[PDB]
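> The following block contains the structure, expressed as structure tokens.
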Protein chains: 2
Amino acid sequence: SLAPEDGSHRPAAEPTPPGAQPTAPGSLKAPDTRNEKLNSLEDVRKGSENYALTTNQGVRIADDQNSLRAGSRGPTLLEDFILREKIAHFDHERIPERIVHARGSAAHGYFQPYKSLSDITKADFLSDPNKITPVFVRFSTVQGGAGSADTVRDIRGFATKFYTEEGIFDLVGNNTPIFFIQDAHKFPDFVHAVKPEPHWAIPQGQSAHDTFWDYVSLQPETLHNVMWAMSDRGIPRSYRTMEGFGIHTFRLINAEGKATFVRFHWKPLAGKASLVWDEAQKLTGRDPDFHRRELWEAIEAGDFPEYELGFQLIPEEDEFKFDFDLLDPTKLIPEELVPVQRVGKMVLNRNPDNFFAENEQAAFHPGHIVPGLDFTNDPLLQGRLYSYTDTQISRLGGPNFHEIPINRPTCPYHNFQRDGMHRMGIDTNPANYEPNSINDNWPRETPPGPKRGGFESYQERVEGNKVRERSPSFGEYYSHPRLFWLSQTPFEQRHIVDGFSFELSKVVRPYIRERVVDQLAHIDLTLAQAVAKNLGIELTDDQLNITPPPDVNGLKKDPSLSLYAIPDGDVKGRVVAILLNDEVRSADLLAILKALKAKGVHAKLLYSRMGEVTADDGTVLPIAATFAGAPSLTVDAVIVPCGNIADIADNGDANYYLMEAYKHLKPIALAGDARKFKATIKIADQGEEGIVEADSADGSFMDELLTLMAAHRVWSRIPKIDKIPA
Amino acid sequence: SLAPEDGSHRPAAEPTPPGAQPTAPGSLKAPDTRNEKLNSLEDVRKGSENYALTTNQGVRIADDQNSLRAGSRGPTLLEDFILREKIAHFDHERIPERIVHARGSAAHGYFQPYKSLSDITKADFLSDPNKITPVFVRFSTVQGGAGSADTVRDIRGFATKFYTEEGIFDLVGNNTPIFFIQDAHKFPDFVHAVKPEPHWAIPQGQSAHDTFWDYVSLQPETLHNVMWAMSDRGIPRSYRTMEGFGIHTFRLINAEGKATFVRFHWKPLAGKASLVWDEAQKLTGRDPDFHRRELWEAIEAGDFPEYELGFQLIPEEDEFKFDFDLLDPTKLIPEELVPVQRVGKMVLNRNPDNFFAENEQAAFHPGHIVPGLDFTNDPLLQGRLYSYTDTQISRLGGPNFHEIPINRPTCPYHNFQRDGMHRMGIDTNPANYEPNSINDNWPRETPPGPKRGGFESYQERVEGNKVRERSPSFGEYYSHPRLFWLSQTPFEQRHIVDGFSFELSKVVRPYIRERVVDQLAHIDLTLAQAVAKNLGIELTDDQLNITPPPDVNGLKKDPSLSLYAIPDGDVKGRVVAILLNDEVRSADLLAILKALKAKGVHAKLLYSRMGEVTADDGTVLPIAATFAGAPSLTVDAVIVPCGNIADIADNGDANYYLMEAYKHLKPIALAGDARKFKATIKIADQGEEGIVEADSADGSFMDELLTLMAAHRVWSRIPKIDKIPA
Ligand code: HEM
Ligand code: HEM
């Protein structure tokens, strides 16, 4: 026995707040959390306690510390079959990462609709409010490798596998409502442009390099999703606090055969929230696993990620009623024109057991639809349908990837396909072809119908010649970027200007910067001028005279495009740092922890060393991390309770911790003699909105802090932060 | 006509300093730098200019912007074989990364010995000072993925493929002289323990987590290489400023058949230099590609990485004359006991053309030796011999990986091996077996001999029973950790204590931290007390009374084990940030820039925006980056010239630039009114060692700065920095 006698090696199998217990595989942390898919994986879960160590052939091993050798200082012998199996398996551990979205984090959960949608769709998972569909969801960045950092500036993926009773449906979306390009033929060009450059394989996780901006300057259709990327949408706080979108128009098909166009939305019930760029960039260094960690720890705490599925629905007869093409995936459908109808709720409530087996090997593909859905001719969706099956057979080693446990349907699947590498299913059917008489033609085709029917495509009319040509209706590139720009708050605009300015400053060939600023002048002259000033570029008179693009169907703005213009804050699952001293005022700590607990906000107790400190009343406080070990970047607000403030008053790291949190617009709360830290961040005696201060930490102090936290950041401080050296 | 008319898109094909021109493929940047391997790759180099765009079957493409569809808003057709080939290739771009050392950066170069070594080895590449051997070198970290960050705390790999006239020799070493474990059977255990933990796949690029320190606390053989990783050896400034080691004792065999034991070394001719931890961790966020970038741009500037190969040589009769076993890879051979004899010089002077083709697909394996070398029974080396071929056939898709152009020998290769995936060579031999008469038995075996002979193993005597048993001679774990600790300067010892303290602070189970501190108490009580103090742990009286381990062969230190105890600084290829203002004193800038140029030190001119500023006298100064764009993390020293200081005096980024550089112990030089920045970093009016200050940048100001730069960092400043909020 190498475990400690006290049992402290094993985390409690109950919900616990971040940092309170070591994290664990999902089935051991939350063994009572079940759904049909989770249960179905029991055939392949493998335990360990009380079992002997063996080879993969079942032979017990006596000595797992040594190779077999001729004498104990002799050569290793070829007959050591136990060493060679162990080292061969290790030698073959890695598989290819995904070509894009290689970096991602996943969890299990469940979905149910609010009401039956049978009037618009015959899909079975949308038919009954009390029929629950398991899901597995992977969130991702796009450009970086599987070992890249989480809080980069990038688009994020949001892929949901729904294990329905009529097949797997994969809704493979991103966190912005449009993509960069119009036709899948260009996907390798765009991805190669954004990815590390091919001579030296730099930069990882960043679009701030010449080839990406070269492509953008030469392909104005990219500008819309570039605007989203350069805004704070490119730097979410958490995968719990971003939107999701399917991007393409799809179809819903009901039992009477009617097609309705649909775009898919996920609304985060925790609200929309993003980092600021200096925080995000520094956090890729202090904790490159911040989003993976925060997601796993939110589910271990019971702060399950919840999202509302929503549909924008457009009747068939209204296909051409907008000033943009519904099938153009560089155009969004403004919610002021077509509202999102609430459809159902998805809750992620258990982490996987083994990241490689369940997350790395999962395969999501947007051609996996079910009866009641269909595609459209969007030319980027069309080409996606070829790529996901093709790449998943390369990455997962052959055509039986649907038999890898995470990807298996929970509903029946039977057909005449056979063989392939690592075939697990042993078919007993005498026939491997149809039509057959020798098995009375089973398994059999099923006619389409209202429920449980075979799939039939909606009989869309196709009229045209065989052409490689872009629809002229797709040839407008600046109106949607402008609508997005005008819908942002002033601080969000400033952050967009700063994102383009920072990125193009890293473009070494100056003419590319100039060409991008010329594109920006076709969107908005105020944006283009503000970027140009930061680049040392002066717009020409012709640039100053470019006519702005038209409004989008009369809209001058749509506030649903902003992260912050409409309040939607939720503090449950956020975290505060509490900076301890060696004689903390216990009464402050009581009041602080009670008010945080009432709102579901977690706390991390920090100090200048690890171990414990004792409060004024004898209470022994364990320290979660040092001020340098868990920087302000990792929390949403900072509280300094009273005590022996002289202990930490001259500590550089405690002072910096407040300066960094202040620069990054976080609420700060100072009780009693902790108000002496007002001098590090230059707060006048009268106080400042976003700094909470009082003689002690009481009801009123904590309510004011929590109100600031519900607004996420203190935007009004922005003019005060350029002078702080942090 | 998408290129600019001024031709500024294309970098000059001449050596240029970092940042001055976009980087490019080696054969375009330095077409006239040649060696036999680089010439032999011409058969597969593919150009582009003036050629038509084609499918891989040579069919010209007319429209690479669109898929083929029935109507320009219609569905994509299956007959579009141009789209399908392009998206199929994209879908299968990735291959598995290396199981370990997945993150690496490589270059081409050449090796020449200083004199013939025919007395001690018949290896042909060491036989003649005029014999030049091409090399390809890959430097790497160990734990993180290919998309992880460069300036992590980790061991570094240093692998050299020598393309000799008698076969490929791969010298596959690391940047510390020992490894963590003694027997290859344990390598999957140790690697699994340091790699991201299996439930959640965190943390990337870090050993600061519970499973690593759990394994270390239960396997004290790891403590010697852990000491090296916790020292600043774990965070090199550049691959140019670290040492290399083969680790194992190997053999040299001369023409008379005499075996000499050898351990291999590489000495960096640029000196040894490392970062400090807060700088390295931050730099993983601000530039995760910093080491890859620095190596590439050193080569493009002519600052070619140079290393001296050196041998520690032990006669066969002296195998048992040390307190440690020569075959134990957790033990070093102190240079005070066995000096390194200089053997030759390697210069890396050309970057690859295509990172994937040449770096990602390169395969190095320490079983690739040539006649004149041999192995020993080191039980870690013996198990490596199985792993490398096994893993490379999985990673590179089959057993013909030696036909991938970068891995091909430059000498002849002919045998009776056939077929396999991806077979390039078309064999015309009538026979595919020997002995044969049908091809007169060619190709033929060759007897061993002094030159151009066949390989024969040295006939070492083996005697013992078949056992899975560790040699008792390997059962000593604390003397070499202690020798290392006692050989470090006081500031190096502080940084070791801070490394263990930071890492064990991130171990969530406190009993593991206690167990590690108990192991430190077996190495050195001062080390163990200082780490325990930072963890809030008190040593027991039993721990206070553990007797230290013995000295190693009478040594109580060996200064060659320190980075800094013996000055070896070289400033060429280093870089200085120059913080501009909008009216710089041009005389200061003339003096600063030409002084740096004379010593081969590069400069980056920084400001608060991109573009230009104008000096007092009209000189137009182009700006390389903003203060936030190119943080002090990325430079070795900071110079602030006189001029209009009020322009930048209240710029929080300019101030913080100097605070970060000051905290990280970098030299800082302030001319004229730039001395007003003394107050930002709290420098006495009377000044302090490490801050250069004068009325102007003339006289001795640049010599004083350059002297500071040759000592790397200002260690005496360490007690001054805990107080600084930065
Ligand atoms: C609306 C535009 C797109 C969206 C929203 C989208 C979204 C995503 C997401 C979220 C993933 C990762 C799924 C996971 O977590 O495993 C992914 C993977 C992938 N995507 Fe797409 N993507 C789009 C366009 C395309 C296009 C145009 C192509 C190629 C024609 C493509 C090819 C791929 C490939 C090859 C993978 C890797 C899939 C795997 O290995 O399993 N994507 N995409
Ligand atoms: C002295 C101890 C060792 C040193 C110095 C060492 C050094 C290295 C280096 C430098 C690389 C990267 C080569 C490159 O740049 O591609 C590498 C890769 C590798 N090492 Fe070792 N290694 C050690 C021990 C081991 C052991 C004990 C095993 C297994 C028994 C092992 C298995 C591997 C594997 C599987 C790879 C990836 C090779 C590839 O995919 O091409 N290593 N090692």
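Numbers run from 1 along the shown chain.
According to its header, this structure was worked out by X-ray crystallography, 1.5 Å.
Just so you know, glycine gets a Cβ as well, placed from its N, Cα and C.
What Swiss-Prot records for this protein is below:
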- B:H101: active site (ACT_SITE)
- B:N174: active site (ACT_SITE)
- B:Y388: heme binding site (BINDING)
- B:432-466: region 'Disordered' (REGION)
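Mind mapping these onto the model and telling me what they sit next to?
Taking Cβ-Cβ distances under 8 Å and a sequence gap of 6 or more within the same chain, the neighbours of B:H101 (active site) are B:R138, B:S140, B:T141, B:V142, B:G157, B:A159.
In sequence order, B:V142, B:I155, B:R156, B:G157, B:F158, B:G244, B:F245, B:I247 constitute the residues six or more apart from B:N174 (active site) in its chain with CB-CB distances below 8 Å. In three-state terms derived from DSSP, B:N174 (active site) belongs to an extended strand segment.
Cβ neighbours within 10 Å of B:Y388 (heme binding site), excluding its own Cβ and spanning all shown chains: 18. Secondary structure at B:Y388 (heme binding site), as computed by DSSP, is helix.
Long-range neighbours of the region 'Disordered' (B:432-466) within the same chain, counting only residues 6 or more positions beyond its ends whose Cβ lies under 8 Å from a Cβ of the stretch, are 122, 124, 127, 166, 251, 253, 255, 257, 259, 370-371, 374, 377, 414-416, 418.
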> Using DSSP with the three-state reduction, classify B:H101 (active site) as helix, strand or coil.
coil
